[PDB]
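Student: So that we are looking at the same thing, I have put the structure below in structure tokens.
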Amino acid sequence: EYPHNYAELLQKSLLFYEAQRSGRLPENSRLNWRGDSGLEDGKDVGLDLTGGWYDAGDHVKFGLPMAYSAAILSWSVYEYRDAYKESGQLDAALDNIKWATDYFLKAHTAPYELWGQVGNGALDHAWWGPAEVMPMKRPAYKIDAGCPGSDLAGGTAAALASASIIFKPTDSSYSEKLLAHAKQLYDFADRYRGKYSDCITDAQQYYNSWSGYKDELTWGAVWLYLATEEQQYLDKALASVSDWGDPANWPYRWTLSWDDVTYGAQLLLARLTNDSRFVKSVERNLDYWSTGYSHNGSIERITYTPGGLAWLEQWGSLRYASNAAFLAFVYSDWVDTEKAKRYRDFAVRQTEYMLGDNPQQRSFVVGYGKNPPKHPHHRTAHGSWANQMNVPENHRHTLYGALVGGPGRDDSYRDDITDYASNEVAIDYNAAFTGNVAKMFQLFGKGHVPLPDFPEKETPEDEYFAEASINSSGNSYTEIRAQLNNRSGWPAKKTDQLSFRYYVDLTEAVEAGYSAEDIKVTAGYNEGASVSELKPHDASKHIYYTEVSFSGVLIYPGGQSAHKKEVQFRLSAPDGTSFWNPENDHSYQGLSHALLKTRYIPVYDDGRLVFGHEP
Ligand SMILES: [Ca+2]
Ligand SMILES: [Ca+2]
Ligand SMILES: [Cl-]
Ligand code: NA
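When we follow the authors' numbering, the leftmost residue of the sequence shown carries the number 3, and every step to the right adds one.
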């Protein structure tokens with residue numbers, strides 16, 4: 003069997019959020035395959051909008067699911083702080099939530115203005131490569147008083163308010179700052195009513211506000227109550243519920259998600275009030291998800307796969323079962339009735355399904371457990387240099403901790419980078435899941451310890467190199483074809499100051515009465531390089547080189563044309579001479595007429611040797 007370690011699992015789930023980081027990364031970052039990215043986010047609107055999380059396997063920063071994810075992560079630290087502490091993961095949980103809330107503070111530039119998206123969906127998704135080298139424009143979009151977004155603003159207010167609670171013990175001034183912004187955002191949500199996707203209309207095609215904003219208005223208010231213990235916010239929360247309509251008709255067949263936070267709001271209000279409206283609605287939902295909801299005369303129950311997974315729909319199936327399990331866990335830690343036992347058992351069984359107890363006999367958490375998914379739908383972890391999903395054929399990097407979309411309604415599943423149902427990853431997928439892992443550690447994790455010095459720095463493959471071949475060679479010249487490659491991935495990096503050197507031995511020239519001045523270096527077919535005349539490398543041994551420089555030419559791992567540039571160059575002794583001998587030339591060794599990588603044409607970036615061997 004797989005020997006589960008819930009401290010390790012929790013550690014890895016938080017490492018997933020570290021892999022999602024946009025912006026300038028700290029020096030002490032645990033992932034050597036992530037570098038600075040999105041550094042111009044907000045420049046088109048004159049703001050520093052850098053930081054935050056990439057949503058999924060893409061690089062749009064979608065505000066509504068980012069707020070949701072930070073809120074739920076904060077919620078689980080609020081409920082299960084001791085589990086985070088004893089598993090060693092509290093510092094990492096706070097540090098990862100702070101990455102999101104720091105971005106919310108930058109996005110909240112004015113009391114009634116909130117930047118809600120960076121990146122355009124079509125522009126971002128049309129290109130398949132690592133975040134560090136994104137070549138497209140990344141526009142920023144906002145809501146404000148003239149074009150509001152009570153769902154986005156309310157959900158971000160909830161994220162800041164919940165975060166303000168969990169940061170207070172270790173950073174009271176940051177806590178106070180989070181809380182002050184949360185009050186402003188909630189006033190924005192309350193006073194200027196509308197769905198954010200009616201204003202940031204790009205979001206309609208990815209994170210449409212299907213449920214509207216009445217749920218976020220309750221959600222933000224109750225979180226502000228929990229964060230201030232001021233009665234006005236509880237009153238506002240309860241008043242906002244009147245817009246939910248007749249309590250007999252409250253929905254119960256969905257679950258907590260980035261779109262519908264009704265299920266979180268009513269659960270929090272049930273604990274605060276014991277009002278039968280919220281208690282009954284919570285239990286209708288969790289009955290429907292677990293044993294079945296009894297109408298007195300019939301039993302209504304969510305679809306279950308034959309393998310035991312509670313199956314809501316085709317996309318992010320595991321995310322939905324995890325979100326339900328988190329509600330079940332939190333409710334079963336509150337309520338005293340038999341429903342506490344039934345919901346707890348449900349939550350454990352669903353969590354055990356996605357950790358390996360399923361017909362596929364495999365974990366659905368990348369880099370954890372038995373036979374985890376190897377091909378999650380994730381641009382930067384895959385690391386294509388060619389703008390193609392099947393190049394390379396395996397991921398360059400391990401996206402530790404990511405919960406994939408998972409099986410279909412018949413437990414079917416395919417570990418395929420293009421299978422979006424199976425292998426999508428996303429910050430909202432991992433948010434409640436992270437809390438469920440904390441609870442699994444509390445319940446079953448005695449003696450579980452996290453992994454030390456983890457993860458190990460990945461050893462890079464060849465990232466910068468020339469492939470070269472011999473065009474022709476005579477007794478007075480050598481002509482070379484070269485393609486200078488940037489296939490970087492540890493981390494991927496844009497390079498516009500790449501160069502290489504081609505080394506020759508001129509001993510036979512000196513013996514014949516000639517010198518380096520008599521060799522002419524010329525370019526033929528050329529995609530933007532300069533080729534120097536010969537320069538000395540070792541004067542005593544008559545070793546010279548030509549410097550071939552693509553200075554000012556952008557080369558980067560983002561497409562078949564983007565990752566390489568070509569130049570053909572010739573080194574010529576005077577016409578009619580016969581001394582020229584390439585066979586003792588350092589950079590000529592092993593070359594054939596077929597283009598092939600060579601370690602003897604060293605490559606430089608801004609003058610720094612980055613690959614290959616000098617003589
Ligand atoms: Ca909503
Ligand atoms: Ca020679
Ligand atoms: Cl290209
Ligand atoms: Na693989």
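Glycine is no exception: its CB is placed at the ideal position from the N, C-alpha and C atoms.
Which residues share a DSSP beta bridge with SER501?
Tutor: DSSP lists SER551, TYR606 as partners of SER501.
Student: According to DSSP, simplified to helix, strand and coil, what is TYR56?
Tutor: The answer is coil: DSSP assigns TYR56 none of H, G, I, E or B.
Student: According to the neighbour-count rule (16 or more other Cβ atoms, all chains shown, within 10 Å of its Cβ), is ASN425 buried or exposed?
Tutor: Buried, because 16 or more other Cβ atoms sit within 10 Å of the Cβ of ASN425.
Student: Whose C-alpha, out of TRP260, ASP412, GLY318, is nearest the C-alpha of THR305?
Tutor: Comparing Cα-Cα distances from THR305 to each of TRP260, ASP412, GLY318, the minimum goes to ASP412.
Student: Between which two residues does the alpha helix (DSSP H) containing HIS6 stretch?
Tutor: Premise fails: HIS6 is in no alpha helix (DSSP H) and is neither H nor E.
Student: So what's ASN373 in DSSP terms, helix, strand or just coil?
Tutor: Correct three-state label for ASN373: coil.
Student: Would DSSP call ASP104 helix, strand or coil?
Tutor: Looking at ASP104 - three-state DSSP - the assignment turns out to be helix.
Student: Quick check on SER78: does DSSP put it in helix, strand or coil?
Tutor: Three-state DSSP puts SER78 in a helix.
Student: What's the call for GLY526, buried or exposed, on a 16-neighbour Cβ count within 10 Å?
Tutor: Its Cβ having fewer than 16 others within 10 Å, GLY526 is exposed.
Student: Count the other C-beta atoms from every protein chain shown that fall within 10 angstroms of the C-beta of residue 648, then say buried if there are 16 or more, exposed otherwise.
Tutor: This structure cannot speak to residue 648, because the chain is shown only from 3 to 617.
Student: Quick test of your reading: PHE502 and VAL533, contact by CB under 8 Å. State the CB separation rounded to the nearest angstrom.
Tutor: The pair is not a contact, with the Cβ atoms about 10 Å apart (cut-off 8 Å).
Student: Are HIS61 and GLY121 closer than 7 Å when you measure CB to CB?
Tutor: For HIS61 and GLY121, yes; Cβs fall inside 7 Å.
Student: Looking at C-beta atoms only, is the number of pairs between the stretch 360 to 372 and the stretch 339 to 351 that lie closer than 8 Å three or more?
Tutor: Output reads no: the stretch 339 to 351 does not touch the stretch 360 to 372.
Student: Can you list, in chain order, the residues of its chain with a C-beta nearer than 6 Å to that of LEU17? Leave out the 5 residues immediately preceding and following it.
Tutor: Cβ within range, chain order: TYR402, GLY403.
Student: Under the three-state reduction of DSSP, which class applies to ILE419: helix, strand or coil?
Tutor: If DSSP states are grouped into helix, strand and coil, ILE419 belongs with coil.
Student: Which residues does DSSP pair with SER177 in a beta bridge?
Tutor: BP columns for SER177 are empty, so no partner.
Student: Candidates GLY25, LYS63, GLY48, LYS45: which alpha carbon is nearest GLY37's?
Tutor: The shortest Cα separation from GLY37 among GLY25, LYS63, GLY48, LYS45 belongs to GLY25.
Student: Among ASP607, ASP338, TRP317, which has the Cα closest to the Cα of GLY408?
Tutor: Taking only the C-alpha atoms, the option nearest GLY408 is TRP317.
Student: Identify whether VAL120 lies in helix, strand or coil by the three-state DSSP scheme.
Tutor: Three-state result, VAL120: strand.
Student: At which residue ranges does the stretch 461 to 549 contain complete alpha helix (DSSP H) runs of 4 or more residues, listed in the order of the chain?
Tutor: DSSP runs (the alpha helix (DSSP H)) wholly in the stretch 461 to 549: 509 to 513.
Student: How many angstroms separate the CA atom of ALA518 from the CA atom of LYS496?
Tutor: Answer to the nearest angstrom: the Cα atoms are 35 Å apart.
Student: I'd like to check one pair, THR52 with residue 620: are the Cβ atoms closer than 7 Å?
Tutor: Any question about residue 620 goes unanswered here, given that the chain covers just 3 to 617.
Student: Going by C-alpha to C-alpha distance, which of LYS566, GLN562, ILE545 sits closest to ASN487?
Tutor: When only C-alpha atoms are compared, the closest one is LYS566.
Student: Any idea if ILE301 is buried or exposed, counting beta-carbon neighbours within 10 angstroms, 16 or more meaning buried?
Tutor: Exposed, because fewer than 16 other Cβ atoms sit within 10 Å of the Cβ of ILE301.
Student: Using only alpha-carbon positions, find the residue among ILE74, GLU513, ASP608 that is nearest to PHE552.
Tutor: It is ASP608 whose Cα lies nearest to the Cα of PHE552.
Student: Can you check which of these residues, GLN186, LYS87, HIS384, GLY515, is closest to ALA109 by C-alpha distance?
Tutor: The residue with the shortest Cα to Cα distance from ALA109 is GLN186.
Student: Measuring alpha carbon to alpha carbon, tell me which of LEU228, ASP200, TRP252 ends up nearest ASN287.
Tutor: Nearest of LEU228, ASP200, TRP252 to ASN287, Cα basis: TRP252.
Student: Compare the Cα-Cα distances from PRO559 to each of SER490, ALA102, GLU549 and report the closest residue.
Tutor: Considering only alpha carbons, the answer is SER490.
Student: On the three-pair Cβ rule with 8 Å, is the stretch 130 to 137 touching the stretch 159 to 169?
Tutor: Contact fails: fewer than three Cβ-Cβ distances are below 8 Å.
Student: According to the Cβ coordinates, are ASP498 and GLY554 closer than 7 Å?
Tutor: Yes. Within cutoff.
Student: Helix, strand or coil for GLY560? Go by DSSP, reduced to three states.
Tutor: Of the three classes helix, strand and coil, the one that applies to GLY560 here is coil, per DSSP.
Student: Give the single residue among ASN389, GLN268, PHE613 whose Cα lies nearest to the Cα of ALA239.
Tutor: Taking only the C-alpha atoms, the option nearest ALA239 is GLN268.
Student: Figure out for me which residue from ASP261, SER15, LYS144, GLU231 has the closest Cα to the Cα of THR111.
Tutor: It is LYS144.
Student: CA-CA distance, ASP50 and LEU228?
Tutor: So the two alpha carbons sit approximately 31 Å from each other.
Student: Measure how close the beta-carbons of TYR8 and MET442 come, nearest whole angstrom, since I'm counting them as under 8 Å.
Tutor: Sure, about 5 Å apart at Cβ, within 8 Å.
Student: Measuring CB to CB, does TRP582 end up less than 7 Å from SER478?
Tutor: In contact: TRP582 and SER478 (Cβ atoms closer than 7 Å).
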